[PDB]
Amino acid sequence: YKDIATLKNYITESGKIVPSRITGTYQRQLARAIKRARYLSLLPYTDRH
Amino acid sequence: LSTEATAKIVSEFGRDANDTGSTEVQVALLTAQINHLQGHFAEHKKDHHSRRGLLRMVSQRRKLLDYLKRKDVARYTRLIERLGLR
Amino acid sequence: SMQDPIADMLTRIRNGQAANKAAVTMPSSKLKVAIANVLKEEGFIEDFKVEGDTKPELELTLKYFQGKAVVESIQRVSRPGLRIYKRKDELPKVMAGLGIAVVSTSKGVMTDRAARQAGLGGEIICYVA
Amino acid sequence: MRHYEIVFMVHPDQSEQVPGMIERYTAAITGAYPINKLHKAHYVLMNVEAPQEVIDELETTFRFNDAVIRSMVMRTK
Amino acid sequence: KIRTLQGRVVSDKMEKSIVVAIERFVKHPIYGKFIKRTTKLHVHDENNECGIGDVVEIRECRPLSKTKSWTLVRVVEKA
RNA sequence: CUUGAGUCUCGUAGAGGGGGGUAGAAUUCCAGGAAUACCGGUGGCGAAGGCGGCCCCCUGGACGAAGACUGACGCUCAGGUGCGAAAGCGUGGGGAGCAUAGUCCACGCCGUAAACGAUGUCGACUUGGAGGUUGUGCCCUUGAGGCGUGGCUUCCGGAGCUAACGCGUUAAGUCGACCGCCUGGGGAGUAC
């Protein structure tokens, strides 16, 4: 949830959250980890803003 | 609630060690954990979801008291002495 | 069982009369030894062995002569809450008397001939055919 | 008691008042994108031990402060 | 001695007079079911020697009062 | 007496709620009302109506791995009492997204509906096959992985059953204990 590497490699370049239906993988923990991702400032708000 | 203060109240009532689910030890653990939970329903006063979970064990508190009543009239009175019930 | 040990046994046996398994097994009270020590002797099934002493439990051997299976139509009648204590000169003969009629007499459970030989009826346990 | 964790965000032009604020809020330890800013700072985090009430005095001192904007508390068991 | 009809005590708020119910089975006459049925009949006794909740042996007697024609013989149960 | 049930230990997963403030991937007026884009789904929670931003606070249920002891202590329900989609109405305000109050919070009435698994509840038994998801034992774990082995939920199907259509190990199949309800259509959810 807190890692800049292991979360931003598994976000999409449109800024949004990767679905597991395309990634294929812990996801139910990873989703809520990226649900709270917006305040950490190791990421942008999204890729377009 | 569940671990800490229950561990100091368990051996207060057991006829020996690890007789935990005996009916004396049962209700006195349980009735204690209706007073303290009623501190939580001393306020919040809109949690109608969880209030039945309180209403669950209040009726079972009277259920096992029947099991003291029908078997041993002595031990029945002894714990409601120690708890001040009804 | 929860709320009749002998009714819920009689579902367990004739389900073996619908897939033709060899051995059947149910948790066995001391009444339940006295059940299948009648069904064996009248010939409806073959052999049984009680086992277990903290779970006393049976090993009944079924009996299907063909694709046809021998125990055709067994029915419990006196179900709890509908006791039918038969006086003996009413007695249910099962299928014009061609079967047997398991009656809980005083002198035991083994009952074809309580009509004349023993001479006292009681609660029906189950018809057997 | 219960273990906890402290998460907050630090003002860049008053990043020089980090350890002075630390020893102020270490009293409870001993007691028991445009966000209108540069998006460049340094973080200070630690895993704390304090129970349910010793913590409650800490957060209610941040509506009177101007450097930190968001107060976030989590756990790891 | 009649059958020595066993019963209970329901209430005593009366002056030397009690209320007895009697457990009683029966075949229900058309369905064939056993309904535990109970009656309620006043019973004379002087000493107040049975309490509310006992088990009582009862025979008949001369009709003493209105609504009460049964004397106590003895008690087989404390409260 | 130990298997029905039940308490403890111990972990596990989660739109179960209540309060508290928070606050943008977004959005009209000159300020702020709203509430998720993404994950979002055949997922997942709960007794149902239901409930989705984020973190902590008091609380709710279930689950698994073992031990331990209680010795039938249970299952069911007429009345009974709670929780009760919308609106309406009451009293106390607001006014954008946009229906001119009302919708929105809130304190009181109101209990209404496709409140339709159009499938009371618990228990035990019977051919099955493929996927869901949560675990966790053994096994070079040598791994994404096998055999089990828990729990619930899908999808097609044997026997049996059903007027068919169909159901089909989460039953409607073989049963047992208990509760609700129906006995031709209209007049009618109406007269008093």
# chains A, B, ... in the order shown; residues from 1 in each chain; ligands from 1
>>> interface_residues(of="chain A", to="chain D", cutoff="7 Å", atoms="only C-alpha atoms", output="compact mmCIF listing (two decimals) with N, CA and C atoms, in the first residue's frame")
# COMPACT_ATOMS: atom_id res chain seq x y z
N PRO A 44 0.63 10.68 -8.69
CA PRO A 44 -0.22 11.84 -8.98
C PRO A 44 -1.67 11.55 -8.64
N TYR A 45 -2.55 12.56 -8.76
CA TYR A 45 -3.98 12.32 -8.66
C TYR A 45 -4.47 11.37 -9.75
N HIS A 49 -4.40 14.50 -14.69
CA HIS A 49 -4.28 15.56 -13.70
C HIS A 49 -3.85 14.95 -12.37
>>> residues_around(residues="range 46-55 of chain F", least_positions_apart="6", cutoff="8 Å", atoms="only C-alpha atoms (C1' of nucleotides)", output="PDB file with N, CA and C atoms (P, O5', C5', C4', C3', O3' and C1' of nucleotides), in the first residue's frame")
ATOM      1  N   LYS A  35      -7.061   1.765  -3.432  1.00  0.00           N
ATOM      2  CA  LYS A  35      -8.191   2.631  -3.099  1.00  0.00           C
ATOM      3  C   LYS A  35      -7.741   3.833  -2.277  1.00  0.00           C
ATOM      4  N   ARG A  36      -6.834   3.616  -1.330  1.00  0.00           N
ATOM      5  CA  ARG A  36      -6.324   4.691  -0.493  1.00  0.00           C
ATOM      6  C   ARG A  36      -5.079   5.350  -1.065  1.00  0.00           C
TER       7      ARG A  36
ATOM      8  N   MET D  72      -3.278  11.171   9.452  1.00  0.00           N
ATOM      9  CA  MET D  72      -3.635   9.819   9.051  1.00  0.00           C
ATOM     10  C   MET D  72      -2.985   8.834  10.010  1.00  0.00           C
ATOM     11  N   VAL D  73      -3.792   7.920  10.539  1.00  0.00           N
ATOM     12  CA  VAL D  73      -3.304   6.940  11.502  1.00  0.00           C
ATOM     13  C   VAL D  73      -3.719   5.552  11.036  1.00  0.00           C
ATOM     14  N   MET D  74      -2.744   4.644  10.964  1.00  0.00           N
ATOM     15  CA  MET D  74      -2.994   3.261  10.581  1.00  0.00           C
ATOM     16  C   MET D  74      -2.318   2.321  11.567  1.00  0.00           C
TER      17      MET D  74
ATOM     18  P     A F  15     -14.896  -4.330   2.594  1.00  0.00           P
ATOM     19  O5'   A F  15     -16.408  -4.082   2.185  1.00  0.00           O
ATOM     20  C5'   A F  15     -16.759  -2.988   1.357  1.00  0.00           C
ATOM     21  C4'   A F  15     -18.115  -2.452   1.725  1.00  0.00           C
ATOM     22  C3'   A F  15     -19.097  -3.483   2.243  1.00  0.00           C
ATOM     23  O3'   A F  15     -18.921  -3.717   3.623  1.00  0.00           O
ATOM     24  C1'   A F  15     -20.148  -2.087   0.640  1.00  0.00           C
ATOM     25  P     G F  16     -18.860  -5.215   4.181  1.00  0.00           P
ATOM     26  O5'   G F  16     -20.309  -5.437   4.810  1.00  0.00           O
ATOM     27  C5'   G F  16     -21.042  -4.337   5.323  1.00  0.00           C
ATOM     28  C4'   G F  16     -22.139  -4.769   6.259  1.00  0.00           C
ATOM     29  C3'   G F  16     -22.803  -3.644   7.032  1.00  0.00           C
ATOM     30  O3'   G F  16     -23.825  -3.013   6.288  1.00  0.00           O
ATOM     31  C1'   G F  16     -22.219  -5.375   8.525  1.00  0.00           C
ATOM     32  P     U F  36     -21.823   7.032  -3.880  1.00  0.00           P
ATOM     33  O5'   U F  36     -20.756   6.898  -5.055  1.00  0.00           O
ATOM     34  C5'   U F  36     -21.169   6.469  -6.348  1.00  0.00           C
ATOM     35  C4'   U F  36     -20.291   7.022  -7.443  1.00  0.00           C
ATOM     36  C3'   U F  36     -19.220   6.067  -7.958  1.00  0.00           C
ATOM     37  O3'   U F  36     -19.015   6.283  -9.353  1.00  0.00           O
ATOM     38  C1'   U F  36     -18.195   8.009  -7.105  1.00  0.00           C
ATOM     39  P     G F  61     -22.044 -10.533  17.698  1.00  0.00           P
ATOM     40  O5'   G F  61     -22.151 -11.510  16.449  1.00  0.00           O
ATOM     41  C5'   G F  61     -23.422 -11.821  15.904  1.00  0.00           C
ATOM     42  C4'   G F  61     -23.333 -12.251  14.465  1.00  0.00           C
ATOM     43  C3'   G F  61     -22.360 -13.370  14.164  1.00  0.00           C
ATOM     44  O3'   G F  61     -22.876 -14.647  14.479  1.00  0.00           O
ATOM     45  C1'   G F  61     -22.127 -11.669  12.550  1.00  0.00           C
ATOM     46  P     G F  84     -35.660   1.320  11.287  1.00  0.00           P
ATOM     47  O5'   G F  84     -36.723   0.652  10.314  1.00  0.00           O
ATOM     48  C5'   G F  84     -36.328   0.161   9.045  1.00  0.00           C
ATOM     49  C4'   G F  84     -37.381  -0.733   8.446  1.00  0.00           C
ATOM     50  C3'   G F  84     -38.239  -0.127   7.354  1.00  0.00           C
ATOM     51  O3'   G F  84     -37.600   0.047   6.100  1.00  0.00           O
ATOM     52  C1'   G F  84     -39.635  -1.237   8.857  1.00  0.00           C
ATOM     53  P     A F  85     -37.604   1.514   5.431  1.00  0.00           P
ATOM     54  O5'   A F  85     -37.590   1.252   3.860  1.00  0.00           O
ATOM     55  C5'   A F  85     -36.365   1.076   3.168  1.00  0.00           C
ATOM     56  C4'   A F  85     -36.489   1.403   1.701  1.00  0.00           C
ATOM     57  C3'   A F  85     -37.219   2.684   1.348  1.00  0.00           C
ATOM     58  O3'   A F  85     -36.459   3.858   1.550  1.00  0.00           O
ATOM     59  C1'   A F  85     -38.009   0.973  -0.027  1.00  0.00           C
ATOM     60  P     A F 115     -40.205  -4.866  -5.241  1.00  0.00           P
ATOM     61  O5'   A F 115     -39.984  -5.677  -3.887  1.00  0.00           O
ATOM     62  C5'   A F 115     -40.986  -5.712  -2.881  1.00  0.00           C
ATOM     63  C4'   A F 115     -40.477  -6.357  -1.618  1.00  0.00           C
ATOM     64  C3'   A F 115     -41.112  -7.678  -1.227  1.00  0.00           C
ATOM     65  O3'   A F 115     -40.635  -8.788  -1.966  1.00  0.00           O
ATOM     66  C1'   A F 115     -40.908  -6.290   0.680  1.00  0.00           C
TER      67        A F 115
END
>>> interface_residues(of="chain C", to="chain E", cutoff="10 Å", atoms="only C-alpha atoms", output="PyMOL selection string")
chain C and resi 81-85
>>> select_by_dssp(residues="range 5-85 of chain B", states="alpha helix (DSSP H)", output="ChimeraX atom specification")
/B:5-7,23-40,51-71,73-83
>>> select_by_dssp(residues="chain D", states="strand (DSSP E)", output="list in words")
residues 5, 6, 7, 8, 71, 72, 73 and 74 of chain D
>>> write_last_selection(atoms="N, CA and C atoms", output="PDB file, in the first residue's frame")
ATOM      1  N   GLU D   5       0.329   3.675  14.160  1.00  0.00           N
ATOM      2  CA  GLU D   5       1.286   4.235  13.220  1.00  0.00           C
ATOM      3  C   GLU D   5       0.837   5.650  12.883  1.00  0.00           C
ATOM      4  N   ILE D   6       1.799   6.533  12.627  1.00  0.00           N
ATOM      5  CA  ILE D   6       1.530   7.941  12.365  1.00  0.00           C
ATOM      6  C   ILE D   6       1.884   8.253  10.917  1.00  0.00           C
ATOM      7  N   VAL D   7       0.959   8.905  10.211  1.00  0.00           N
ATOM      8  CA  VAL D   7       1.169   9.324   8.828  1.00  0.00           C
ATOM      9  C   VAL D   7       0.703  10.767   8.710  1.00  0.00           C
ATOM     10  N   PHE D   8       1.550  11.614   8.133  1.00  0.00           N
ATOM     11  CA  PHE D   8       1.214  13.017   7.929  1.00  0.00           C
ATOM     12  C   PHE D   8       2.091  13.551   6.804  1.00  0.00           C
ATOM     13  N   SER D  71      -4.061  14.414   8.710  1.00  0.00           N
ATOM     14  CA  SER D  71      -3.643  13.537   9.794  1.00  0.00           C
ATOM     15  C   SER D  71      -4.189  12.134   9.571  1.00  0.00           C
ATOM     16  N   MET D  72      -3.278  11.171   9.452  1.00  0.00           N
ATOM     17  CA  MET D  72      -3.635   9.819   9.051  1.00  0.00           C
ATOM     18  C   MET D  72      -2.985   8.834  10.010  1.00  0.00           C
ATOM     19  N   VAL D  73      -3.792   7.920  10.539  1.00  0.00           N
ATOM     20  CA  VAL D  73      -3.304   6.940  11.502  1.00  0.00           C
ATOM     21  C   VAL D  73      -3.719   5.552  11.036  1.00  0.00           C
ATOM     22  N   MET D  74      -2.744   4.644  10.964  1.00  0.00           N
ATOM     23  CA  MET D  74      -2.994   3.261  10.581  1.00  0.00           C
ATOM     24  C   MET D  74      -2.318   2.321  11.567  1.00  0.00           C
TER      25      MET D  74
END
>>> residues_around(residues="range 13-21 of chain E", least_positions_apart="6", cutoff="7 Å", atoms="only C-alpha atoms (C1' of nucleotides)", output="PyMOL selection string")
chain E and resi 7+38-46+48
>>> write_last_selection(atoms="C-alpha atoms", output="CSV table (one decimal), in the first residue's frame")
chain,number,residue,atom,x,y,z
E,7,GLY,CA,-52.5,-32.5,41.4
E,38,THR,CA,-55.8,-29.9,32.9
E,39,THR,CA,-58.9,-29.0,35.1
E,40,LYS,CA,-59.3,-26.6,38.0
E,41,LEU,CA,-61.2,-27.3,41.1
E,42,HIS,CA,-61.3,-25.7,44.6
E,43,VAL,CA,-60.2,-27.8,47.5
E,44,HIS,CA,-60.8,-27.4,51.2
E,45,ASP,CA,-57.9,-27.5,53.6
E,46,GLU,CA,-57.6,-25.9,57.1
E,48,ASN,CA,-52.5,-23.9,55.2
>>> interface_residues(of="chain F", to="chain B", cutoff="8 Å", atoms="only C-alpha atoms (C1' of nucleotides)", output="PyMOL selection string")
chain F and resi 6-8+17-19+58-60+68-70+73+83
>>> atom_distance(atom1="CA of residue 27 in chain C", atom2="CA of residue 15 in chain C")
16.0 Å
>>> closest_residue(among="A:33, A:27, A:47, A:38", to="residue 14 in chain A", atoms="only C-alpha atoms")
A:47
>>> closest_atom_pairs(of="chain F", to="chain A", cutoff="7 Å", atoms="only C-alpha atoms (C1' of nucleotides)", output="CSV")
residue,atom,partner,partner_atom,distance
F:25,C1',A:46,CA,6.5
F:38,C1',A:16,CA,5.4
F:39,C1',A:31,CA,6.0
F:54,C1',A:36,CA,5.7
>>> write_last_selection(atoms="N, CA, C and O atoms (P, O5', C5', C4', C3', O3' and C1' of nucleotides)", output="PDB file, in the first residue's frame")
ATOM      1  P     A F  25      -8.813  16.167  -8.468  1.00  0.00           P
ATOM      2  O5'   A F  25      -9.389  14.790  -9.036  1.00  0.00           O
ATOM      3  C5'   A F  25      -8.611  13.598  -9.038  1.00  0.00           C
ATOM      4  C4'   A F  25      -8.926  12.745 -10.243  1.00  0.00           C
ATOM      5  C3'   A F  25      -9.883  13.351 -11.254  1.00  0.00           C
ATOM      6  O3'   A F  25      -9.307  14.343 -12.087  1.00  0.00           O
ATOM      7  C1'   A F  25     -10.536  11.140 -10.838  1.00  0.00           C
ATOM      8  P     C F  38     -16.150   3.174 -13.237  1.00  0.00           P
ATOM      9  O5'   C F  38     -14.625   2.863 -12.918  1.00  0.00           O
ATOM     10  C5'   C F  38     -13.656   2.777 -13.950  1.00  0.00           C
ATOM     11  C4'   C F  38     -12.280   2.697 -13.353  1.00  0.00           C
ATOM     12  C3'   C F  38     -12.092   1.583 -12.339  1.00  0.00           C
ATOM     13  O3'   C F  38     -11.804   0.328 -12.927  1.00  0.00           O
ATOM     14  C1'   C F  38     -11.298   3.619 -11.435  1.00  0.00           C
ATOM     15  P     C F  39     -12.976  -0.750 -13.146  1.00  0.00           P
ATOM     16  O5'   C F  39     -12.631  -1.915 -12.121  1.00  0.00           O
ATOM     17  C5'   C F  39     -11.310  -2.412 -12.006  1.00  0.00           C
ATOM     18  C4'   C F  39     -10.853  -2.372 -10.575  1.00  0.00           C
ATOM     19  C3'   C F  39     -11.689  -3.181  -9.600  1.00  0.00           C
ATOM     20  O3'   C F  39     -11.356  -4.557  -9.596  1.00  0.00           O
ATOM     21  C1'   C F  39     -11.307  -1.023  -8.718  1.00  0.00           C
ATOM     22  P     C F  54     -13.117   3.657   0.941  1.00  0.00           P
ATOM     23  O5'   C F  54     -11.803   4.079   1.726  1.00  0.00           O
ATOM     24  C5'   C F  54     -10.613   4.379   1.018  1.00  0.00           C
ATOM     25  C4'   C F  54      -9.856   5.487   1.692  1.00  0.00           C
ATOM     26  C3'   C F  54      -9.861   5.451   3.209  1.00  0.00           C
ATOM     27  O3'   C F  54      -8.931   4.529   3.741  1.00  0.00           O
ATOM     28  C1'   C F  54     -10.252   7.666   2.435  1.00  0.00           C
TER      29        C F  54
END
>>> atom_distance(atom1="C1' of residue 12 in chain F", atom2="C1' of residue 63 in chain F")
7.5 Å
>>> closest_residue(among="C:35, C:77, C:70, C:58", to="chain F", atoms="only C-alpha atoms (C1' of nucleotides)")
C:77
>>> closest_residue(among="F:155, F:77, F:147, F:57", to="residue 131 in chain F", atoms="only C-alpha atoms (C1' of nucleotides)")
F:155
